[PDB]
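Shown next, in structure tokens, is the structure this report addresses.
Where a number appears in this text, it was derived from the coordinates with a stated rule and is not lab data. Neighbour counts are summed over all protein chains in view; Cβ atoms, including those assigned to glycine, are modelled from backbone coordinates with ideal geometry.
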Amino acid sequence: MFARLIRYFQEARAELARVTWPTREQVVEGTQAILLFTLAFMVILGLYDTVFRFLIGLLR
Amino acid sequence: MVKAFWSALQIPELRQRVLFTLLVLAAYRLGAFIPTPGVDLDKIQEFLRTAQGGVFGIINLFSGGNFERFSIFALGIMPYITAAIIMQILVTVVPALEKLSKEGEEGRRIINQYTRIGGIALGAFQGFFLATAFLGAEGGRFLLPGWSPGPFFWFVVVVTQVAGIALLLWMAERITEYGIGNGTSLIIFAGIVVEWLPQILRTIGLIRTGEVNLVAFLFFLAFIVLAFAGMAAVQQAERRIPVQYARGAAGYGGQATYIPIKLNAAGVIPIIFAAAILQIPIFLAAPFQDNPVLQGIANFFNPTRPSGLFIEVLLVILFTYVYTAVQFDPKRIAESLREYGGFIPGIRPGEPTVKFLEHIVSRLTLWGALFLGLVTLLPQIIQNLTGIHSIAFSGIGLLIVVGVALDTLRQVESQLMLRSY
Amino acid sequence: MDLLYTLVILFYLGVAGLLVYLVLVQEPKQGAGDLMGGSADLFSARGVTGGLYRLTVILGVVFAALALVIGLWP
């Protein structure tokens, strides 16, 4: 917006208009994949630290 | 990229990798309960409640929750990440190592060795430094009864942390070797996602007591879903440059008629680099607790406060853009085009091709970097508006989770594609 | 109590340092192990790799239990 060099942002918009965005199914599958991964590791690690805490708790 | 989740669990070959990963993560989380000899944990956990100890959050998140429990891996792999960053710096400065790096992989292995050694030495240094400043300047405010703030305690802490970061680094290497995804990546990812379930549980437990509004939590979770779908939709976005070649004996193609260029590389490395960078001043100012000025300049970089969040966003955008720009080499694609007779309609194969490639990439990656910066900014704002407050659900945390998940799944799927044809 | 304690401490330092030496000698093939994730089509195990593996695991567990010992000394 400032002097003296012109905003190349228009180009950054122009070359953004020629961008092919992923389909619906790709977004859904990707989201569900991330969800599955994260949920899995979260549950597994949760169980891990849980039973580890409850096991160490016996040593007093 | 997408799915490849069930088939990866059906196949025994990948199932061994997965189970091995889970085993190493189990050993990690089990070793996270073995406290550093001579350290009072309850007083640390009590210290992390005040505003003077809240700034430790950003450091505690990347420790895998090891700081508050002060395990043998108290600082996590973050000393090795810092050692990697510093290694990049030193590589840039003095070319005595870049000559070896130019001598082939034989020098690259040297760079790696010195990186790891730098990591262990940073374990020693940071351990001794914390033990000297944070643990006994008060003094003895975090020391177990019967432990003196002398050379003995420092010795014990050092000896503990050195073998700690050593063993942890080895574990990361073994994950990188016999397991899916990157070692350090999956370890940091694990260290973040561990805290997720108890947060949700305690939140639900806080709902019924009329302490937290159910609507706030629901909208928060919905925002998490939207963030997931958003980053998942952005990471898979790409610009496709059509190339036609080559009628005659030069071709024929015969091959892919388009070059894909994405906003994200994708890489989980950048935001981790930026994380360590943001952590350094905080890690250097926090131990001197009694000094007010250092506490002030430490709170200046706090990812929760506007200043630190601003710096964090800038770091994320910058590192993302730079990394994405560096990973994509126009030279190799261009020479591949020239050799294969590849001709992009409008220009001639050679230097103008890489000039135009840069001309598009530079205009393109900006929106991706700005997007990741947005994912860095928005969550803290939502938390500032909604009732929920957790640095485990911060911007950079979501960036790490999504990044590592996408990376691992993409790699696995890629290996499946490779074994296919 | 003086001899015993200091002996256990000596063992702590020794096991720690030896573990460090081991992990320093052991370099992951196809370096580095911080940049990429690694190939998953075929992998081979070496006798040096396997032996130092079996050893450093034992030294790891030993270091852990010993850390518990030092951490729980009256």
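Computed values, structure above
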| item | result |
| --- | --- |
| Residues being acidic (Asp, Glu) and in a helix (DSSP H, G or I) - total across segment B:271-324 | 1 |
| Positions within segment B:22-44 being part of a helix (DSSP H, G or I) and crowded, with 23+ Cβ neighbours inside 10 Å, in sequence order | B:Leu25, B:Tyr28, B:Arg29 |
| Cross-chain or 6+ apart pairs with Cβ under 8 Å, segment B:24-46 first and at negative phi and facing another protein chain (nearest Cβ under 8 Å), then of a type in the set (S, T, N, Q) and in a helix (DSSP H, G or I) | B:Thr36/B:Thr160; B:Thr36/B:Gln161; B:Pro37/B:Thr160 |
| Scan of segment B:233-252 for residues that are assigned to a loop (DSSP other than H, G, I, E, B) and either within 8 Å of chain A (Cβ to nearest Cβ) or over 19 Å from B:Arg338 (Cα atoms) (or both), ordered by number | B:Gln236, B:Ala237 |
| Scope segment C:23-32; condition at the interface with another protein chain (Cβ under 8 Å from one of its Cβ atoms), out of contact with any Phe, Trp or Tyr (no Cβ under 8 Å at 6 or more places or on another chain) and touching a residue at least 12 places away in the same chain (Cβ under 8 Å); matching residues | none |
| Segment A:14-42, residues that are more than 7 Å from chain B (Cβ to nearest Cβ) and in a helix (DSSP H, G or I) | A:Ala14, A:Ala17, A:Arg24, A:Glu25, A:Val28, A:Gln32, A:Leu39, A:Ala40 |
| Pick from segment C:1-32, criterion touching a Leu at 6+ places or on another chain (Cβ under 8 Å) and under 26 Å from B:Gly104 (Cβ atoms), ranking: surrounded by the most Cβ atoms within 10 Å (Cβ to Cβ) | C:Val23 |
| Number of the condition not met by B:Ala163 [criteria: (1) hydrophobic (A, V, I, L, M, F, W, C); (2) closer than 27 Å to B:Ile391 by Cβ; (3) over 18 Å from the mean Cα position of the chain (by Cα); (4) more than 14 Å from chain A (Cβ to nearest Cβ)] | (2) |
| Which listed residue is over 22 Å from B:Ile110 (Cβ atoms), touching a residue at least 12 places away in the same chain (Cβ under 8 Å) and of a type outside the set (S, T, N, Q), from C:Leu72, C:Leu66 | C:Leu66 |
| Matching residues in segment C:33-44 - criterion: being at the interface with chain B (Cβ under 9 Å from one of its Cβ atoms) and surrounded by fewer than 20 Cβ atoms within 10 Å (Cβ to Cβ) | C:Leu35, C:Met36, C:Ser39, C:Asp41, C:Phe43 |
| Residue identified as of a type outside the set (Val, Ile, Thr), in contact (Cβ under 8 Å) with a residue 24 or more places away in the chain and either away from chain A (no Cβ under 14 Å) or in contact with a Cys (Cβ under 6 Å, 6 or more places away or on another chain) (or both) among B:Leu357, B:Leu314 | B:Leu314 |
| Helices (runs of 4 or more DSSP H) within segment B:138-232 that include 2 or more residues free of Cβ contacts under 8 Å to residues at least 12 places away in the same chain | B:151-178, B:196-207 |
| Neighbours by Cβ (under 6 Å, 6+ apart or cross-chain): first from segment B:108-122, facing chain C (nearest Cβ under 7 Å) and touching a residue at least 40 places away in the same chain (Cβ under 8 Å); second assigned to a helix (DSSP H, G or I) and small (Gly, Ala, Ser) | B:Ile120/B:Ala166 |
| Unique residue being part of a helix (DSSP H, G or I) and either charged (D, E, K, R) or within 28 Å of the chain's Cα centre (by Cα) (or both) when the list is B:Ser336, B:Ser362 | B:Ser362 |
| Any hit, segment B:87-105, residues being buried (at least 16 other Cβ atoms within 10 Å of the Cβ), within 14 Å of chain C (Cβ to nearest Cβ) and under 20 Å from the mean Cα position of the chain (by Cα) | yes |
| Boolean, B:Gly373 is more than 14 Å from B:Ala190 (Cα to Cα), more than 13 Å from chain A (Cβ to nearest Cβ) and in a helix (DSSP H, G or I) | yes |
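Yes/no per residue for (1) of a type in the set (A, V, I, L, M, F, W, C); (2) more than 14 Å from every other protein chain (Cβ to nearest Cβ); (3) surrounded by 16 or more Cβ atoms within 10 Å (Cβ to Cβ); (4) farther than 30 Å from B:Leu197 by Cβ:
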{"site": "B:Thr353", "(1), (2), (3), (4)": "no, yes, yes, yes"}
{"site": "B:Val361", "(1), (2), (3), (4)": "yes, no, yes, yes"}
{"site": "B:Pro379", "(1), (2), (3), (4)": "no, yes, yes, no"}
{"site": "B:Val402", "(1), (2), (3), (4)": "yes, no, yes, no"}
{"site": "B:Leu409", "(1), (2), (3), (4)": "yes, no, yes, no"}
